[PDB]
Every structure is written in structure tokens, then in C-alpha cells.
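Input: a single structure, listed below in C-alpha cells.
Values reported hereafter were calculated over all heavy atoms of this structure, with side chains retained and with hydrogens, waters and symmetry mates removed. Lettering of chains follows the sequences in order, A, B, ..., and the numbering in each one begins at 1.
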Amino acid sequence: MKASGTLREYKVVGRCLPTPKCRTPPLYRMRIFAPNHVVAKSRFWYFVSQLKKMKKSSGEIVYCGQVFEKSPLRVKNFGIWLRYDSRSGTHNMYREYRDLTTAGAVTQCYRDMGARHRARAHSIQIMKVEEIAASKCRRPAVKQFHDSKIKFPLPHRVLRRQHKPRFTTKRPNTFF
Amino acid sequence: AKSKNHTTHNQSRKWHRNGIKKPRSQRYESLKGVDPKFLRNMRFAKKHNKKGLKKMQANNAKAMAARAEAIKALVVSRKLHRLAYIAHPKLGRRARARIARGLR
Amino acid sequence: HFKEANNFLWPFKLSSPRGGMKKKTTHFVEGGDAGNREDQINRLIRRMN
Amino acid sequence: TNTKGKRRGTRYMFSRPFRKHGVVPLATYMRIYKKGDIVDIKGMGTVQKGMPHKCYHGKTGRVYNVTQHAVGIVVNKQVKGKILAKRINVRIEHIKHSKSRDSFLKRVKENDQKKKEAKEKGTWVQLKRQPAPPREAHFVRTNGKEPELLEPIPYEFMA
Amino acid sequence: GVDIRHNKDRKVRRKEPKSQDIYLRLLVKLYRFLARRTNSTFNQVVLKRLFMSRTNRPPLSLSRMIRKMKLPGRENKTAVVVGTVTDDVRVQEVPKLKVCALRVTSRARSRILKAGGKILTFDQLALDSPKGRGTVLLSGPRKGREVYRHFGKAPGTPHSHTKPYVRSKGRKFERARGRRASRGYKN
RNA sequence: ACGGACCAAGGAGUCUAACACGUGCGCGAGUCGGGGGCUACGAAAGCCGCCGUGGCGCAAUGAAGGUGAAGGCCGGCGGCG
RNA sequence: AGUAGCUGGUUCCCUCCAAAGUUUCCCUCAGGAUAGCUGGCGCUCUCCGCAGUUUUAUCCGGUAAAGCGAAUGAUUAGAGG
RNA sequence: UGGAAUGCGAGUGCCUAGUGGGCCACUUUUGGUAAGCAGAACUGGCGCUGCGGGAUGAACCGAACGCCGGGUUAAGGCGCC
RNA sequence: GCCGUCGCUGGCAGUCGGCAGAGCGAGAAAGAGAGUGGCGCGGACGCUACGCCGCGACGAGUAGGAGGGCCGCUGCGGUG
RNA sequence: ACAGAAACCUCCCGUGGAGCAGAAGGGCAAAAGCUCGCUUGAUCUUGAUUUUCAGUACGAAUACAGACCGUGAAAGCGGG
RNA sequence: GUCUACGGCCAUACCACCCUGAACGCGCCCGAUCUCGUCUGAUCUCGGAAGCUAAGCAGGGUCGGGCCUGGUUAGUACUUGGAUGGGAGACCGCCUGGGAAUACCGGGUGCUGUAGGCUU
Ligand SMILES: [Mg+2]
Ligand SMILES: [Mg+2]
Ligand SMILES: [Mg+2]
Ligand SMILES: [Mg+2]
Ligand SMILES: [Mg+2]
Ligand SMILES: [Mg+2]
Ligand SMILES: [Mg+2]
Ligand SMILES: [Mg+2]
Ligand SMILES: [Mg+2]
Ligand SMILES: [Mg+2]
Ligand SMILES: [Mg+2]
Ligand SMILES: [Mg+2]
Ligand SMILES: [Mg+2]
Ligand SMILES: [Mg+2]
Ligand SMILES: [Mg+2]
Ligand SMILES: [Mg+2]
Ligand SMILES: [Mg+2]
Ligand SMILES: [Mg+2]
Ligand SMILES: [Mg+2]
Ligand SMILES: [Mg+2]
Ligand SMILES: [Mg+2]
Ligand SMILES: [Mg+2]
Ligand SMILES: [Mg+2]
Ligand SMILES: [Mg+2]
Ligand SMILES: [Mg+2]
Ligand SMILES: [Mg+2]
Ligand SMILES: [Mg+2]
Ligand SMILES: [Mg+2]
Ligand SMILES: [Mg+2]
Ligand SMILES: [Mg+2]
Ligand SMILES: [Mg+2]
């Protein structure tokens, strides 16, 4: 899987193909984060196969649909439990993020895992994603934004319109 | 000096240029190699086949008469279906005339 | 008579995809182009037809 | 290089299966082989007479001659870019009736029966086989049970 | 690029006679028209055999024409050969025949005519049988040539009855080793 | 890696014989006069026919002596039964 | 004009198809014959057959893996008799 | 009811040149400390082949080539060259 | 768009004219059939059939093969 | 009993852990081994086939067919 | 329920030990004149019919060994095809498909053909 663009959260439900032994095999559900639904079903079959004696040939997808963020206008803290392969082992991490959507938080995890650990998306398994209250967060990067009277300036604002104009008479001012 | 020893590299590429053809099949396969004692009798069987020629004629004619005797004693949408009928060059030949007569 | 009507049609000569590809050398589920992309073929057909 | 020995490389091919040595069951000799029969060749190391050559082990051919003990088999053999129809004389210990056609002969009679029956009922019944089609639409009942949520398990060094 | 082979694109077949004969080419002009403008497959077959080479147009003997024109249901049919009708001295009686040929040998002409038969040319066949109706198209033996005795499995292989190429025939000419078990081997 | 400073002219699959197959022409169970003879180009061409000797083909096979290329039915008799 | 399985050279254009360095035999290893791979000539049909593919049945196999409180072979430690 | 899918016109015969030093890569693999080393299997290449990309390069990646116009792409790229 | 190759073994002899009558490309076999009873004098080009015309696909090439040259050189029979 | 690690006799267990000329692999238990009895299929003969393979030769081998035989009560088996 | 003769598949049938076997069978068994063979009538062969299920044999049993068959092992190990994936390598992950074997746990313990008996 390529963690392309902003991921979506998919609810994938699958089961073993019914057989005379078991005419109604049990139903399984997973939370999948993927770029599109085609990738979402593919990853499902990759995960259930690791937990059950099942695979695409001997099973079917019963429901694939996007789970929509339920409070897209409310800031939340997300705890993420993931495992990943490094160059020389596997590890379990717990990570935290602040975001408005749970799929946005998961995307941050992939970019972050790529930035800080050079971990490609194909080597990352998001085990669990929870919304966490400010009092249960652990990472100081997230906790410093739990301040009702938070304030801070924007020092040294760099000129981003550096080629409009490309040549000017006045030098830029970085203080605002 | 020393040289290469053996390879079949490039060989299946050559074999398939004119296809790996299966052996030709004819409905009559030669009796070469069959048991000599069995073949000796099969030739004697073929040699005297003409002895029973008259009996076969009698039986064949008798069977034909019986075979003939028994035989002689024995013997999408309504709109789209209507339209497909009219558009038929033969069947709709008169239906088309009715529309032409009606139109004038 | 899908077999007859479909053999009747000459293979469609489609143009290069306008707007590019992702990676023709890998599967669609890898962020590439090969394989089964399901209904997503229609987006590809729009850009090549 | 290798030797051109007749039985080179048949250490396992011609040996007898595990705990299946000894006497040859006599139903091996009671099978009836006629001209035109399809038979699978499988050399048996217990009998060293009428042994098929290793290249014919695992091939299937047609019987063209029957003697007191052996049969003549027309079996195809690929040699480089050509396939030759080879005639081998094999003792009947090293062959067995092929089932490859029995599924076909079963279908013919079923086909011939159905074709005849449907005709006198003035109906059309499928006779040709078909590849397995895509599965058709159906409902899956939850029975008021939420599907069990599955999650990947944490890594554990079970070394 | 298209994945295709080109070795078989060009078909090896005659579209015309290699012969520069102007009378043969006038008959090809005739049967090119008849084959094109009539639905008669007989015209197409004759047009094709006018292009054919000398060895693909074997001569038809008189005895063999009589045999094939004597099978039941072939009375009053014109025998047609795109080739030469040769005389056969082994025949005693010639029936009344109607034949069309490219050439009929001098002695075959006297015998056919003397029996009350008619000898046509292919320009006369067209006027009499434009579509080839009521005809019996006949061919000479194509493998009736000395070369075909030399073709097949090489003479020095098992069950090969091919004829070898020997400058002379006799006891001293390719009969010792490989042809009798007493000298090395036979196969 | 070897030949090549430059220009011109010359410069290398031929002819005879034998064979095989393909093609074209003539005649055709035949065919061929090539050797010989007759009657400026012309040493050509024309002709021979009781000049076809002769070659090849039309018969194979065997070391050879040699042999050398469809049958059936009807009626009658003799023998066996 | 000695022979050379060896070095050097081998002369106009366009168009179409398009290789092999492999098999067997050779006083064979810088070479040949041989099969394969190529080209050309066609011809016999056509407008059923075939296939460097899958499918469905049905056989074949002893590698990967595994096993050694299963045979053969190798091998460590204690324990109870 | 020409009895699975899909695709495709097939069969057949003569004559035949060059070749018979190869080499490289994924995977498998023998010897060797290893080698741009020697030796095999499979497929694909280079050899015989240009073209876009890898600055440069037989084999890598993309893609194979009549002479052109317009459009769009692949692999690769977009500070300046 | 143009060139060539291959395929359709495609089409054209119907230029059938005042002794006239112009068509046979169209989804779906076979006749623009034949009969017997109930004023003007007119109408382009074509067809070296080895010619001319249409439609579709295709085009790398050493060694090597084959075709076509209204490519080129010298001489001989004819012809200009 | 002499007799012992090992002589010969007896009972019991024994799937081959022996033997089958030889290298190894396969095969084999009222046998393919061991011991006896009788014998010369290790004989005469034409083709087909397999292996190496070019689908050539040789060598070796496989099914038969025709004679003569051996053996066995016989079915059969045997032309090394 | 079951046996005898001849079998097919050839342990679900084997091996060890224990219990029970009605009738008919099969046996053990009793002899050596004859046929036949032995150092030995033990075996083999032959003639029998006093005794006995003791044994063979049949059925059953054993938290039995084996064998047969499932589960777990395990969607693991391995593997077809893919990438200008990772990593200095060794190797590993992912994509597309196929997919094992121990230990460990459960269940089972001959079926059957022809002919001929016994078993109210
Ligand atoms: Mg070499
Ligand atoms: Mg654009
Ligand atoms: Mg690639
Ligand atoms: Mg092209
Ligand atoms: Mg080409
Ligand atoms: Mg040099
Ligand atoms: Mg120099
Ligand atoms: Mg000739
Ligand atoms: Mg002169
Ligand atoms: Mg000299
Ligand atoms: Mg040399
Ligand atoms: Mg070609
Ligand atoms: Mg020598
Ligand atoms: Mg050299
Ligand atoms: Mg092996
Ligand atoms: Mg292993
Ligand atoms: Mg190498
Ligand atoms: Mg070269
Ligand atoms: Mg090439
Ligand atoms: Mg290239
Ligand atoms: Mg570089
Ligand atoms: Mg362009
Ligand atoms: Mg650049
Ligand atoms: Mg070209
Ligand atoms: Mg014995
Ligand atoms: Mg015999
Ligand atoms: Mg009792
Ligand atoms: Mg006694
Ligand atoms: Mg008891
Ligand atoms: Mg047990
Ligand atoms: Mg029982």
C-alpha cells in the first residue's frame, strides 16, 4: 500500500464462502485506512489472512464503505497503536496526534513514521486508533496544546512569494 | 583453447518458430507391429468375407422394409415483436402494404 | 452472443492516457497501474478514449 | 557428463511405495485391456520384465496390440522440437486403465440421455459445460449480531 | 510496435502463368473474366490450372480418361483437362468421347475422332459451357514422375524405400554395406 | 587492435565437365541426328527415315544359374468325404 | 597459377523475408558431415482444424519445506533400572 | 443442442544459404577466498538495433524504427548549464 | 497526409446509345424475366488487362536468401 | 559332557537388520535367497519394438510369431 | 448372529495380553496296513474317530503399542509471477496467486464376492 494523499477510513466486512459444513460462517469487520476502496479491500484480505484461515479465493467482501468523521469540526487527540518493521526488527509503538478527523490523524502517522523512522507504508500495521482525552495523553508535543489561554506569536515569517516580483527595490521584512 | 561445453539455451526458441507439432492423426492406423498370429487370422477373416455376401443382402433388405414400415405407420415486448415482424422483408410484406394504404 | 459481437469489434486503439500514469510497473493497489482496479477503469477509459 | 544407462535416475521412480512391497496384487493381472484403451504407464520395480523406459513413466497412451502378457502402446514423446508417436511394448504390471476419459464417457451418456429426453418434452436443456461464473447477488443476514472486530496483534519475540 | 510475425505475410502462389505463350495468355484473359464475373467455382479451378507449371499439369492418358468417363452418371459429359491428352496403346477400343484439352497428341486425335468423339479447345468450352455445367474435370497423375521415387526418408534409414541416386545400377553400385546384414548392417 | 599520405587507370565466383531439383518450350510411350551423308552473310541454314546404329525411357529382381508383374461366377466330370 | 582446415580482399540501387554459435559422428577441438534455425518455389484445401493460454477431469513426480521422542547415518545432556 | 473458455485459416512437398568461437541479466545453481573467474537450468536480451532516460557506457530502465504535421505519454525528470 | 509491401488469390470486357434508355452496396438465397388464358441527332475520361481502380493492415535488420530496376558499362541481331 | 568369547545340539523372538559373483541404486520371504532332483530356452529362425539417436550403426534390452526341446502333477515357466 | 472352501482390496485386518465360544464346521487328536517321506509317522503322506475346546480359529476387552482418519501446528514454513522496494551485505518486507510436515489433541479398529453349511 502507498499512503497516497489523505487516507480514508473504510469499514470492510467479510466472511468465508458458505459451505455445507457451515452454511452461515461468522462475519468479520476491520478498520482499514487506505487511499481508495480498491486498496481497502486488498489490505483487508492481507490482515484477515494473518488472523484466520481465509483469503480472497475462499471468502468474500460483504460490505465496503467509507466511515465518515463524526465530529469533523472538533479538535481531538488521537492515540495510535501500530507495529512496524525496521531494518533490523519489528516494534510496537504508541503515538499521539491532534486532528479533526481520525483518517487525518492516521495520515499524519504515516508521514511521521516515514520522517522519523524511514518506514515505508508497506511495513506499517495500524493496530488501533482511539480518541483520547487531554488528561490521558502522554506525549508532551500534544499536551502543550491543552491550554485554554494558549497564545503565541509568529516569529520570523519567511517571504514565500519570492518570485513575485523576482527583482525588487526594497528588502523583505520578516516581522509582522 | 577451451570453449563452451553444452547448452540448450535458445533451443526452445528455435523449436517453436515452426511450432512443436503433434504427430499427424489418420482415422486408419497401420497394422505394423501387431501380433503375427492375430494378423494371420484377421487376413483369413477378411478373405472369406464375401462368403456371407448374399445373407447380408437379404438381412439388409429385410431390415430396410421393417424400418420403413414402422416409420410410415408412425407418420421481449409485444411492441418490439410486432415491429420486428413488420420489418421482416417477407413476413411484414403485407403488413407494410397496410400502412402504406392507410397513409394515403 | 457476446462472443460473436465482441470478436466482431476490432481491438480498440486507445491513445496515451492524458494526464499521465502513476507507475505502469507496479500493481494498482501499490500505487501503480497494473492489475485489477475494478470500477476505477472508467476514469482511465475517460482519459484514453 | 552423465551416463547413457537405461535405469539412471530411477532410484525413487521405480522403487515400491512405503510398506507396499512384496507380492503384486492379482487384480493387476485380471484387468482387461482392449485395442483403443487409454492407459497410464507407471513402471514398477518389482517386475523387471517388460519395463517401460523412464521417459514413458507418467505418460498416457493408447493400446494398439495385446499379447499374452504385454500390450503395445502408442504414446507421444517430445524430443527437441518434434513429438513422436512411439510404440512401446509394456507388461501389464506397468500400466493401469486411465480415468481421464471416464468423466467424458459419463457426460456423453448424460448428454445423450438429456438430449433425447428434452427432445420428447419439447424443451431445451444445456449440454455444454461452462466455466464457473461470477457469483450472483445475495443477502447476508447479520441476525442482530455485529461482526466481530479484528485487529492486528502486537509483535512478540517468541525466540 | 505490434507483436506479429511477418515471415508468412506473402503467399507463395501463382497469379499468372510463367509462360510467355500468347495463346495461353489469351485463354487466361478469357477465364480471368469468367472466373470473376460468374459464380462458377469450375471457372476458378480452370483459371488456377492455367497458371500452373509443367509438372503441376501432368499428361492424362487416353486409357485413364476412358476409365474416369465410364463411371456411372457421366454419360454425355465433356471431359476437361488443363493439360495434354496422350494416347495409350494399351487400349483396344475407344468410345465416343467429348474432351477439352490444351493439347491432344497426334495419335490421340485420330483415335478420339475415329470413334465419333469431339475434341474442344478451352475457348470453345467457354462458348459451350460458360459456367462449366455438364463437365468432368480431370487431372493426370501428379506423383507419376521419376523424381517422386527419390523423395521421403533418406534411403539409408529404417523402412525407407526411397530410391537412391546412383550413376549406374548393378552389383557393384551401393549394395554391400548398409543394404545386407552380411556386410555391416541392414536397415 | 591491423590496412589506409594523396589522385588516376587496372583489380577478384569465371569457363568446361558431371549430377540434382525448379522453371520455360517442343513432341509424347516415345523422344533425340549430336556422328555421318545429300544439296559475301554461309563454319550458317535446309534435308535424310531401309542413315534411329545408338542413348535415355518403356521392367523388376537375384551374387548367380535364372525367373519376370489381378480374378471370380456358372455348368460338367474325377478324387476325398 | 604447387597445396593451404590459415591471414587479407572481394566492385550498382531500392523492395521483401531473415539466422546460428546448439544435437550426434569424425586423429574431431581455428575444420567438416549431420539435425535444428533461414530463404525461395510452390501446390492441396478453406473462407473443420489448430494453439509456447486457461478451465474441467485424470494421472505422473520426491525438489523446497519438514522429520529424526519414524528406518539409515551423524550427534549433546542428564534421569530411572 | 459439432457437447468447456479464448484466439486464429490451415495442410503439405521440393530445393536451399549462412551458422556450428558467443556473451550478458533476474531467479535457481556447481567449483573457487573471490574474480569484470570457470561451468550449468529457465526466460529475456546484446550479438543483428537504432531511439527516450541512467552525465558518459554492447546487455540496465522505457520503447523497438517507412517520410511528415498535430496531440498525448513511458521510464525519467522540472535552481542554472 | 504521403511512399512502398502484403492481403482482399478484391472491382472493371457494360464504352451493352435514337437497331438508345443509363440501376444490381445492399441487413437477411434466387429474374430491374418472357409471354398464354380467366421541335433538336446530342450524351466527359477510361481498357499500354504485363492495364487501370478500390478497401484494410503493416514497414528494425548483420550473416544469408529472393524480387524489381524506364540503374550503369562494352559488343551482336533487329528497329528508330 | 568335555565346550571356553567362538565347535555341535534344543526351544524361543526375529520385516530381512542376511543372501542374491562384482560398483552402487532398485527389487526380492511357502522367493529372486539356501538345499536337493532332473536338465541344456546359453539351441534353430523371420520380422516388429525400446534405449543412445540423426530417431543411423553397433551394443544391450522388450513383446511376439514359427520349430525343436527341458521342467512340472499341472497351470505354466525357460530361447542365458 | 455365524462358520467352511476359494477369493478381491491387503494392519480400520497387525502385535501383546485377558475373557467367552450354542449348533455345524475348521481343528487339536488316535494309528502306520496300504501310497509316500523321514536320524525320528515330529513334519510330509496315508487309515481313522476314543477324547477336548487346552491350543489354533471366531467374537469381545485394554485411559494398550501400531495402523487408518480428522484437528492443531497454520494461512505458519515453502512457493508462481512484480517493483528504479528496503538493506554495505546477509537477507528481509510488500503486491498477485498456490499452500505443507512433526510434536500435541480427538475419533475408529476390517469391508466384501462366489458357492456350501449351522443358527424357531
Ligand atoms: Mg562450440
Ligand atoms: Mg497536457
Ligand atoms: Mg522488468
Ligand atoms: Mg511500425
Ligand atoms: Mg522482418
Ligand atoms: Mg591481424
Ligand atoms: Mg600503415
Ligand atoms: Mg525440366
Ligand atoms: Mg565465314
Ligand atoms: Mg604460388
Ligand atoms: Mg584448422
Ligand atoms: Mg519468408
Ligand atoms: Mg579415426
Ligand atoms: Mg580467426
Ligand atoms: Mg533427486
Ligand atoms: Mg532440506
Ligand atoms: Mg560465466
Ligand atoms: Mg558475429
Ligand atoms: Mg532478433
Ligand atoms: Mg534494442
Ligand atoms: Mg551515472
Ligand atoms: Mg510528435
Ligand atoms: Mg537532467
Ligand atoms: Mg525492412
Ligand atoms: Mg520355491
Ligand atoms: Mg517359442
Ligand atoms: Mg461345543
Ligand atoms: Mg502322529
Ligand atoms: Mg478358551
Ligand atoms: Mg491406541
Ligand atoms: Mg471380522
If you measure only the distance, is there a donor-acceptor pair under 3.5 Å linking the side chains of E/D87 and E/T105?
no

Decide yes or no, distance alone: a donor-acceptor N/O pair under 3.5 angstrom between the base of J/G16 and the side-chain of D/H21.
no

Taking the six-membered ring for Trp, are A/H91 and A/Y84 parallel (under 30°), tilted (30 to 60°) or perpendicular (over 60°)?
tilted

Side chain of B/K4, base of H/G21: donor and acceptor closer than 3.5 Å?
no

State, without any angle test, whether E/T84 and E/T86 hold a side-chain donor-acceptor pair at a distance under 3.5 Å.
no

If we take the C1' atom in both J/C13 and J/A5, what is their distance in whole Å?
23 Å

From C1'-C2'-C3'-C4' (positive north, negative south), J/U15 puckers south

Does a side-chain N or O of B/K90 approach OP1 or OP2 of I/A29 to a distance below 4.0 Å, or not?
yes

Taking atom types as they are modelled, would you say the side chain of E/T84 forms a donor-acceptor pair with the base of F/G28 within the 3.5 Å cutoff?
yes

Where the chi angle of G/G80 falls, syn if within 90° of 0 and anti if not
anti

Name the nucleic acid region contacted by A/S88, choosing base, sugar-phosphate or nothing; use a 4.0 angstrom heavy-atom cut-off, strictly under.
nothing

Can D/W124 be said to stack with the base of H/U1, given centres closer than 5.5 angstrom and planes under 30 degrees apart?
yes

Has the side chain of C/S16 got a donor or acceptor that lies under 3.5 Å from a partner of the other kind on the base of H/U72?
yes

Base of K/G82, side chain of C/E30 - is there a donor-acceptor contact under 3.5 Å?
yes

Do F/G24 and F/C56 make a Watson-Crick or G-U wobble pair, both distances under 3.5 Å?
no

Base of J/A48 paired with side chain of B/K32 (donor-acceptor, under 3.5 Å)
no

Please give the distance between the P atoms of K/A100 and K/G71 as a whole number of Å.
10 Å

May I ask you to evaluate whether E/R103 reaches the phosphate of F/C27, defined as a side-chain N or O under 4.0 Å from OP1 or OP2?
yes

Assign D/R19 to base, sugar-phosphate, or nothing according to its heavy-atom contacts below 4.0 angstrom with the strands shown.
base

Using a strict cut-off of less than 4.0 Å between a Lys/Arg side-chain nitrogen and an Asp/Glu carboxylate oxygen, indicate whether E/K163 and E/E146 qualify as a salt bridge.
yes

Quote, to the nearest angstrom, the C1' distance that separates K/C28 from K/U43.
16 Å

Can you tell me whether the side chain of B/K14 and the base of G/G36 have a donor-acceptor pair closer than 3.5 Å?
yes

Side-chain donor/acceptor of E/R54 to base of F/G22, under 3.5 Å
no

Nearest-Å distance once atom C1' is located in both K/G37 and K/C57:
29 Å

Is the gap between the ring centers of D/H94 and D/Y56 under 6.0 Å?
no

Can J/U71 and J/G76 be counted as a Watson-Crick or G-U wobble pair, both distances below 3.5 Å?
yes

To the nearest 0.5 Å, how far apart are CD1 in D/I73 and OH in D/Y33?
9.0 Å

Sugar of I/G14 - north (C1'-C2'-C3'-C4' positive) or south (negative):
south

What is the nucleic acid contact for C/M48, judged by heavy atoms within less than 4.0 Å: base, sugar-phosphate only, or nothing?
nothing

Please figure out whether D/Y64 or D/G22 has its closest RNA chain J nucleotide nearer the 5' end.
D/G22

Do any side-chain nitrogens or oxygens of D/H69 fall under 4.0 Å of OP1 or OP2 in J/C77?
yes

Could you measure the distance from the NZ atom of D/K99 to the CG atom of D/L105? Nearest 0.5 Å is fine.
13.5 Å

Base, sugar-phosphate, or nothing: which does E/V2 touch, judged by heavy atoms less than 4.0 Å apart?
sugar-phosphate

With a 4.0 Å cut-off on heavy atoms, is E/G83 in touch with a base, just the backbone sugar-phosphate, or nothing at all?
nothing

Record whether the side chain of D/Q48 comes under 3.5 Å of the base of J/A32 through a donor-acceptor pair of N or O atoms.
yes

Go ahead and name the base partner of K/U2; Watson-Crick or wobble counts if both distances stay under 3.5 Å, otherwise write none.
K/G117

Under 4.0 angstrom between B/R17 side-chain N/O and G/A20 OP1 or OP2:
yes

Assess whether a salt bridge exists between B/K37 and B/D35, defined as any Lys/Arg side-chain N lying under 4.0 Å from an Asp/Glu carboxylate O.
no

Identify whether any heavy atom of D/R16 sits under 4.0 Å from a base atom; if not, whether one sits that close to sugar-phosphate; answer base, sugar-phosphate or nothing.
sugar-phosphate

When you measure from the side-chain N and O atoms of A/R87 to the phosphate of K/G93, is any distance below 4.0 Å, counting only OP1 and OP2?
no

Could you tell me whether the phosphate oxygens of H/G3, OP1 or OP2, come under 4.0 Å of any side-chain nitrogen or oxygen in D/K128?
yes

Go through the N and O atoms of the side chain of E/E146 and the base of F/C21, and report whether any donor-acceptor pair is under 3.5 Å.
no

Do the side-chain N or O atoms of E/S53 get closer than 4.0 angstrom to the phosphate oxygens (OP1, OP2) of F/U23?
yes

Using the ring of D/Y64 (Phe, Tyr or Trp, six-membered ring only), decide whether D/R87 places NZ or CZ under 6.0 Å from its centre and within 45 degrees of its axis.
yes

Distance-only donor-acceptor test, E/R37 side-chain atoms vs I/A13 base atoms, 3.5 Å:
no

Is any side-chain N or O of B/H6 closer than 4.0 Å to OP1 or OP2 of G/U22?
no

Look at the side chain of B/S3 and the base of H/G22, then say whether one donor and one acceptor between them are separated by less than 3.5 Å.
no

Under-3.5 Å donor-acceptor pair between C/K24 side chain and K/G82 base:
no

Taking atom P in both F/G65 and F/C74, what distance in whole Å separates the two?
45 Å

Which side the sugar of G/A65 sits on, once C1'-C2'-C3'-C4' is checked for sign
north

Describe the nucleic acid contact of D/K80 in one word from base, sugar-phosphate, nothing, applying a heavy-atom distance below 4.0 Å.
sugar-phosphate

Distance check, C1' atoms only: I/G67 and G/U34, in whole angstrom units.
32 Å

I'd like to know if the side chain of D/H21 pairs up with that of D/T46 as donor and acceptor (distance under 3.5 Å, no hydrogens or angles considered).
no

K/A58 vs K/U20: Watson-Crick/wobble pairing, cut-off under 3.5 Å:
yes

Separation between the P atoms of H/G22 and G/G21, rounded to whole Å
10 Å

Nucleotide G/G61: sugar north or south according to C1'-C2'-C3'-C4':
south

Please say whether the positively charged group of A/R43, taken as NZ for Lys or CZ for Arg, lies over the ring of A/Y46, i.e. under 6.0 angstrom from the six-membered ring centre and within 45 degrees of the axis.
yes

Can you tell me if the sugar in K/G59 is north or south, using the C1'-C2'-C3'-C4' torsion?
north

Got a donor-acceptor pair under 3.5 Å from the side chain of E/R36 to the base of I/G10?
no

Answer with base, sugar-phosphate or nothing: what part of the nucleic acid does C/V29 contact at a heavy-atom distance below 4.0 Å?
sugar-phosphate

Taking the nucleotide of RNA chain J with the closest heavy atom to each, which residue, D/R87 or D/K82, is nearer the 5' end?
D/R87

Checking base pairs now: Watson-Crick or wobble, both atom distances under 3.5 Å. What partners I/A66?
G/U15

Report the distance from atom CH2 of B/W15 to atom P of H/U43, rounded to the nearest whole Å.
9 Å

Rounding to an integer number of angstrom, what distance separates K/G97 and K/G82 when you compare their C1' atoms?
12 Å

With sugar-phosphate meaning primed atoms plus P, OP1 and OP2, does E/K18 contact a base, only sugar-phosphate, or nothing at under 4.0 Å between heavy atoms?
sugar-phosphate

Grab the groove, major or minor, that holds a base atom under 5.0 Å from the side-chain heavy atoms of D/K6.
minor

Counting only side-chain nitrogens and oxygens, does D/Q68 get under 4.0 Å of the OP1 or OP2 atom of J/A65?
yes

